[PDB]
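Notes follow once the structure below has been shown.
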Amino acid sequence: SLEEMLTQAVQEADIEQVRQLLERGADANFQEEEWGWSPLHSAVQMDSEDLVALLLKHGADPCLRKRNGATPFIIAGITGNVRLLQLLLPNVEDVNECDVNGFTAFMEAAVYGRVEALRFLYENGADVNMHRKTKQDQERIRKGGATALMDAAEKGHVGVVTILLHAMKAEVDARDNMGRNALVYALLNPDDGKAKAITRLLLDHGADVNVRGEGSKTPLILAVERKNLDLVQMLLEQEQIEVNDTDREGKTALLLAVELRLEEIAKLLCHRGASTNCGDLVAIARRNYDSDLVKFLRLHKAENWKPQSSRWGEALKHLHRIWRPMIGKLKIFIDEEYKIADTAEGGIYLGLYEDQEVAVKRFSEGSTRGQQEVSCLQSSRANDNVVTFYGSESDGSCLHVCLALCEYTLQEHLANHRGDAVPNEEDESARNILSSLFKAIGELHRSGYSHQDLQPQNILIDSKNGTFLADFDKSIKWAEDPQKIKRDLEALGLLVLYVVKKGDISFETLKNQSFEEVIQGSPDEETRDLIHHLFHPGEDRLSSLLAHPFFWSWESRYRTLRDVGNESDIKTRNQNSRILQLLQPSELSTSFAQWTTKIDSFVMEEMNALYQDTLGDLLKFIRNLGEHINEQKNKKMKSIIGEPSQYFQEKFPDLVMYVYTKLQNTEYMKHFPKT
Amino acid sequence: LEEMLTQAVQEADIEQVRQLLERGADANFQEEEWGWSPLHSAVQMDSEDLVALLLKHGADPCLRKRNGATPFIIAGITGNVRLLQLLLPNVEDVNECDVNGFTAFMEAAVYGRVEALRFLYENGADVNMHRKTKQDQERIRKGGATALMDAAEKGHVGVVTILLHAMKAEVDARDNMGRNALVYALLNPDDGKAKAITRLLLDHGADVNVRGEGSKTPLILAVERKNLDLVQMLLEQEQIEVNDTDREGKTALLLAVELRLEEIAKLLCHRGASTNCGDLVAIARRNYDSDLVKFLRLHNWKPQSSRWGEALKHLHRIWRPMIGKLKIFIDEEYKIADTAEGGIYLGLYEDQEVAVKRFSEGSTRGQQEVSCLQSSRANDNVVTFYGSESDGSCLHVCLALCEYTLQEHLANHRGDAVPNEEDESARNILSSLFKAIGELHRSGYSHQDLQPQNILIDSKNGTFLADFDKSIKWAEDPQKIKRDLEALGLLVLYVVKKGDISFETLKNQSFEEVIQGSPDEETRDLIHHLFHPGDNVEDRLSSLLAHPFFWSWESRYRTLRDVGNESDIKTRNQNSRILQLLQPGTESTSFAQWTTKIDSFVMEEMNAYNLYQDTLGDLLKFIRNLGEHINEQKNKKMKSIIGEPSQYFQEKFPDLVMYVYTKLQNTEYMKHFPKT
Ligand SMILES: O=c1c(O)c(-c2cc(O)c(O)c(O)c2)oc2cc(O)cc(O)c12
Ligand SMILES: O=c1c(O)c(-c2cc(O)c(O)c(O)c2)oc2cc(O)cc(O)c12
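For the protein sequence lines, the chains are A and B, in the order given.
So that you can map any letter, position 56 of the first sequence is 56 in the numbering used here, and since no number is skipped, the others follow by simple counting.
So that you can map any letter, position 157 of the second sequence is 832 in the numbering used here, and since no number is skipped, the others follow by simple counting.
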């Protein structure tokens, strides 16, 4: 706290407290570990001649570097005080000492427009044509290498540029590692006046005008985008300028002028020999409502992008063909032709995000619902079962949310494929859809968000039969109300029935039913138990419910009953054994009590070649039946049973649930199929 | 052709139009794309002759195009007054608006056509009419702007003055967003026109405490524009609330210090702006504004990654300027790895932790990376692509942050599994790579540089593909796909061998050398199929996901059991189909005379009735019979010798799984294979 009380004194500019602590034994070279600012650094920055002299009296190193490698001498280039530079010069080895990015004290006078500081460094040996030497990470991407002339032109300091070109013999056509001269840096100053002045100074000295800057843009191209006829006139005064130069996207200087509705600039470019066959300029000027420019062009007289979606395919071809203004990276047109669905605000339309097909949800930029949607999506990019979030683009008044384009809604999807499966077939599709919903909602909870509006319209299907969660305009962070999760689990239960019933029961119908009514509507015991656990849960239950026998295939259910019936203690009917102790409950009346009286009598006799009405002997009955069903002597028996998995679940619907319940958290859990 | 003759209207040749209108061309012909009739195209180009010539032929001046604007409305844009006169006696309402609510009066304001504006005023046009648009736009509070707002946005000082005085315009009118013309004025890039209109609007009583885009006040827009003149003009109003905050809670003074505007900040303090809305002194200090620093002196984010955790806490804590949506600082503390260009650093992209690969904005490899990523967003096993932000010279590619490289990961978990345990992790890694590379091919891209440094592991042990800086579209060269499958083969061995064999060592080996390095027959066969996928490669990676390499040891044991339970194997019917496929002709394999290679005690006890023959069929019967009875009480002695049966049979006869798989691959008995 002795060194730390001296850094507080320098900021308060109490000169006496500094003298009191420098004689008390405070470190003058003490660098704070965060950014490395020494007391000598902080004094020069705030321009206090007294504190810089007082600390230099106590041996404060003027070569002491900060985190970015800048000495207090270099900082004096920023401050611009000439007598601070005088105080530090006799203790500096090289005046061209640069920080880790290559910034010398000379450059810091140019960047900040410190003329009196710039001149002092000039006569004292500072290099005017010094390129910045930075680290090898920046060098490998052609960064750095700029001079003081470029720095001064970028900042628009007309005073500094004039002195460098005349008094200090600066190279006007010097290049950085990117290949850019000071002319490019000049046209980037938003002030129209300052840019005009520096351009004149640079052109008269011989700066190359056919150079490339940001986006392969020439100075002529930058002048058009700035909408400054004066800057264009100065450039076209050179005859060697290449007017037919193309930028990254292949747009020429003339093309951008017509696009931006600049009558005189477009006229000037044509009169200087710019080619008019680089685009349909007349139609562009026609849609701009520039009658004068349309006529002027009259007197001087391939497609390949293929969309991936099938439903929206032909519509995407049109949206790519037509011209639209870009909202950042998004190409969108608000029309009934490109509408996807209606929402509580703005609706959903087709769009193109970096030439990628996306579905666009629109919000008023002030809407809290828009914020809740974009907040939840950014956290669920790692969620595989949530629609892929591209980004958000603002037009100033409309919040555009671009999402992965899907073919049909879950409600629509179940309808379109309703006629595929015979009515008495294992519904594999229902398990694939519901499981992916468990994964989406489960991982969404671990991400701290709850959907709050789970309905089949909010569940989409892509072209590859994948199911995704979407429409988080009503989502919340469930930390604020921990028990609000129950709504998603309740809606998940209704979705289990909605999907099992292949969509025949409407979701509105399911919302108006009570819990007991919904349970009755389930066709089997596996669905009834699953929905119960969703309405009556106990943080990661949704992952644990993926092992529920609902998601077991009929072979896996058949395989599991076989494997239990192969237990040694069931086959020997060891009443003392653990396995029968678990299967011996208390409970109500099961459908497999006196199970011998409900099976075909022909099968009963051949298998007895001592079955009791216990559960253990039923599974033993399944084990012997399963291993031997295909033997020659059982061909007649095989016709009675048919497919055995369907047979036992048909005669005893509660069998799978009953075995699962008793063996859930036991050693015999190992007989369950792997999940 | 008859209606396509209307192309002459574009050339505005009067002779051909009069000649073809009597030839039978539709004057109201609307092209189906946008609905531009010949009368529409004429008013757009301002042709006095063609409007009269077409009005002679009954051309409807109320005929609407796609956006609902009549040729009369278009005349508001053109500004020719005699076109308005030619159409006025044939228009029901002068305030007829298009589908967005643009009337002929408003179209004169947007384009600054004063002579058109004056004519429409005295003929009944509504000056304070708000735009009535469709309910899609209305439900997001879009539209509703007036002619005063239209003129202020475009900066036409002439039109604003006439509207405020001669035409009784409401100065404090609000749109559906809640914005007045003053907000539309401050958005004009022209400094002069914005200043003039602001004075005209303020003198009439325009509300200055209004909110625009992003809850920005008029004062805030002047500060962000860096225009001292506009700030003084606004602070001349006494009712202005100077301490009003935008959406992000930034006040007028706060934004001024951040942007290094000395005098504006000084002016705001002299007008009563609060100084306790932020650490203003330090902000001016890091801007190197010595005078502004002196002047002011006189007056929970938790990262999810574990490895990079403490570093993300610092990057969120420190202040950095934003490169679009990316917060990044190039420092050794936040370095991840070095690349051929730019290296890899930590960053925050929309407050999310991301790994950033850096390129020069001109680099073609940077373009190939961002090109391949945009196509692989739907690929679950490719690193999640967040977005790309440009700093003007550096292409920043933000990707999902992963913990360790596959090479690093195998080392860190090398000590986990006892050497004689099923390598489950190797199957999870390779399968996800097959899914990643497979779907990448379906997306039309090939990796071309598959190496373990290009395979990442997230926090949840998930494996992802990355480093698409050398990817190509394989349509130009279809057979280059085999290279990715060849590198995939080396990855199969590299992952099975737990990384002990270096990848460079494997790249210098030949095909036959690499195959020899495989420790078992399942790996040996898989690697072969990747080196020889054939010219009909197509979707071979999907078909190889059913290869017994990805079968669990339980699934292999279950399948050999299930085959041994076939009726014709238990009865040893040599004529049957099942045995003909397995045993045709009178054997070279490790299970020939397999009865002589197992412990004699197990061999004898199993013989409890014809004994087991040295045929393959009885081996599967031997596995089935052993499996069903292994846990019986009287077999406790036998159980100890074999141990885990799956491990036993695959070790004594390594080719058993491959031999059964090969013989039953495309048969009815394929059903015994595990489900995929
Ligand atoms: O791609 C999408 C999509 O197709 C639909 C959609 C919704 C309906 O209600 C329909 O009837 C319909 O045909 C499609 O909604 C979406 C909602 C999102 O939040 C995000 C999307 O990407 C989609
Ligand atoms: O998240 C990433 C990541 O962590 C690494 C990485 C980490 C290491 O620890 C290394 O040693 C290494 O070489 C690379 O690379 C990446 C490469 C990408 O193209 C994209 C990424 O998202 C990552």
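Think of the CB as a built atom: it goes at the ideal place given N, C-alpha and C, for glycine as much as any other residue.
1) Taking only three categories from DSSP, how would you classify A:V82?
2) Which residues in the same chain as A:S591 place their Cβ atom closer than 6 angstroms to its Cβ, once the five residues preceding and following it in sequence are excluded?
3) Which residues bound the beta strand (DSSP E) around B:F1034?
4) What three-state label does DSSP hand A:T147 in the structure shown?
5) Kindly confirm or deny that the segment 1103-1118 of chain B and the segment 1068-1075 of chain B touch, where touching means at least three C-beta pairs closer than 8 angstroms.
6) So A:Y658 is in the beta strand (DSSP E); what residue range does that whole segment cover?
7) Between the segment 1019-1040 of chain B and chain A, which residues of the former have CB atoms less than 8 angstroms from a CB of the latter, in chain order?
8) Return no unless some Cβ of chain A is closer than 9 angstroms to the Cβ of B:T1246.
9) If you draw a straight line from the alpha carbon of A:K484 to that of A:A470, how long is it in whole angstroms?
10) Among the candidates A:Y668, A:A53 and A:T199, whose CA atom is the shortest distance from the CA of A:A153?
11) Taking only the alpha-carbon atoms, compute the straight-line gap between B:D904 and A:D204 and give it to the nearest angstrom.
12) Does any CB atom of chain A fall closer than 9 angstroms to the CB of B:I752?
13) Cβ-heavy atom distance between A:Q649 and ligand 1 below 8 angstroms?
14) Count the other CB atoms, across all protein chains shown, that sit within 10 Å of the CB of A:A430; report buried if there are 16 or more and exposed otherwise.
15) Could you tell me whether any non-hydrogen atom of ligand 1 is closer than 8 angstroms to the CB of A:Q457?
16) I need the DSSP call for B:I1316, collapsed to helix, strand or coil.
17) What in chain A is Cβ-close to B:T1059, meaning under 7 angstroms?
18) Buried or exposed: which applies to A:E525, given that a residue is buried once 16 or more other Cβ atoms fall within 10 Å of its Cβ?
19) Under 9 angstroms, Cβ to Cβ, is there at least one residue of chain A near B:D811?
20) Report whether the distance from the Cβ of B:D1142 to the nearest heavy atom of ligand 4 is below 8 angstroms.
21) Using only the heavy atoms of ligand 2, determine whether one of them is closer than 8 angstroms to the beta carbon of B:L1115.
22) Note down, in chain order, every chain A residue with its Cβ under 7 angstroms from the Cβ of B:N1240.
23) For the segment 1056-1071 of chain B and the segment 1155-1171 of chain B, state whether three or more C-beta atom pairs, one from each stretch, are separated by less than 8 angstroms.
24) Alpha helix (DSSP H) containing B:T1138: first to last residue?
25) Using a Cβ-Cβ cut-off of 6 angstroms (strictly less than) and excluding sequence neighbours within five positions of B:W976, which residues of its own chain qualify?
26) Given 8 angstroms as the limit, tell me if A:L460 has its C-beta closer than that to any heavy atom belonging to ligand 1.
27) What number of angstroms, rounded off, separates the C-alpha of A:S380 from the C-alpha of A:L510?
28) Ligand 1 and A:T409: does the residue's C-beta get closer than 8 angstroms to at least one heavy atom of that ligand?
29) If you drop the 5 nearest sequence neighbours on each side, which residues of the same chain put their C-beta closer than 8 angstroms to that of B:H1347?
30) Along chain A, which residues have their Cβ under 7 angstroms away from the Cβ of B:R814?
31) Please report the residue range of the beta strand (DSSP E) in which A:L399 lies.
32) Between the Cα of A:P62 and the Cα atoms of A:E3, A:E32 and A:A28, which residue gives the shortest distance?
33) What's the gap between the Cα of B:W711 and the Cα of B:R1033?
34) Near B:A871, what residues of its chain come up, given a Cβ to Cβ distance below 6 angstroms and the 5 sequence neighbours on each side ignored?
35) Just verifying my parser: in three-state terms, what is the DSSP assignment at B:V917?
36) Would you give the residue range spanned by the alpha helix (DSSP H) that B:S1100 belongs to?
If we stick to the structure as given:
1) Annotated three-state conformation of A:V82 is helix, per DSSP.
2) Correct list, in chain order: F652 and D654.
3) Note, B:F1034: beta strand (DSSP E), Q1027 to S1035.
4) In the structure shown, A:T147 sits in coil (DSSP, three-state: anything other than H, G, I, E or B).
5) The segment 1103-1118 of chain B, when compared against the segment 1068-1075 of chain B, does not touch it at the 8 angstroms Cβ threshold.
6) Counting along the chain, A:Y658 falls outside any beta strand (DSSP E), though it belongs to the alpha helix (DSSP H) covering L655 to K662.
7) Under the 8 angstroms Cβ criterion, the segment 1019-1040 of chain B contributes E1025, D1026, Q1027, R1033, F1034, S1035, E1036, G1037 and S1038.
8) Taking Cβ atoms only, chain A reaches closer than 9 angstroms to B:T1246, which makes this a yes.
9) Taking the straight line from one Cα to the other gives about 19 angstroms.
10) Per the Cα distances, A:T199.
11) When rounded, the separation of the alpha-carbon atoms in B:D904 and A:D204 is 34 angstroms.
12) Yes, its Cβ sits closer than 9 angstroms to a Cβ of chain A.
13) Checking every heavy atom of ligand 1 against the Cβ of A:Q649, none is found closer than 8 angstroms.
14) So A:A430 counts as buried.
15) Yes, ligand 1 has a heavy atom inside 8 angstroms of this Cβ.
16) Reduced to three states, the DSSP call for B:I1316 is helix.
17) Contacts between B:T1059 and chain A, judged by CB atoms closer than 7 angstroms, involve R381 and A382 in chain order.
18) Label assigned to A:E525: buried.
19) Yes, its Cβ sits closer than 9 angstroms to a Cβ of chain A.
20) Ligands displayed in this structure: ligand 1 and ligand 2; ligand 4 is not among them.
21) Checking every heavy atom of ligand 2 against the Cβ of B:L1115, none is found closer than 8 angstroms.
22) Result: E627.
23) By the criterion of at least three beta-carbon pairs nearer than 8 angstroms, the segment 1056-1071 of chain B is not in contact with the segment 1155-1171 of chain B.
24) B:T1138 -> not in any alpha helix (DSSP H); beta strand (DSSP E) instead, spanning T1138 to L1140.
25) For B:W976, where only same-chain residues beyond five positions count, the Cβ hits under 6 angstroms are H991.
26) Yes, the beta carbon of A:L460 sits closer than 8 angstroms to at least one heavy atom of ligand 1.
27) Between the alpha carbons of A:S380 and A:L510 lies a gap of roughly 29 angstroms.
28) Distances taken from the Cβ of A:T409 to the heavy atoms of ligand 1 include one shorter than 8 angstroms.
29) Here the set comprises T1234, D1237, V1238 and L1339.
30) Among the residues of chain A, those whose CB is under 7 angstroms from the CB of B:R814 are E345 and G346, following chain order.
31) In the DSSP annotation of this structure, the continuous segment of the beta strand (DSSP E) that includes A:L399 starts and ends at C398 to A404.
32) Looking only at A:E3, A:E32 and A:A28, the smallest Cα-Cα distance to A:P62 is reached by A:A28.
33) If you take the alpha carbons of B:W711 and B:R1033, they lie about 48 angstroms apart.
34) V832, listed in sequence order.
35) B:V917 carries a coil assignment under DSSP once its states are collapsed to helix, strand and coil.
36) It spans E1099 to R1117 - the alpha helix (DSSP H) in which B:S1100 sits, taken as one unbroken run.
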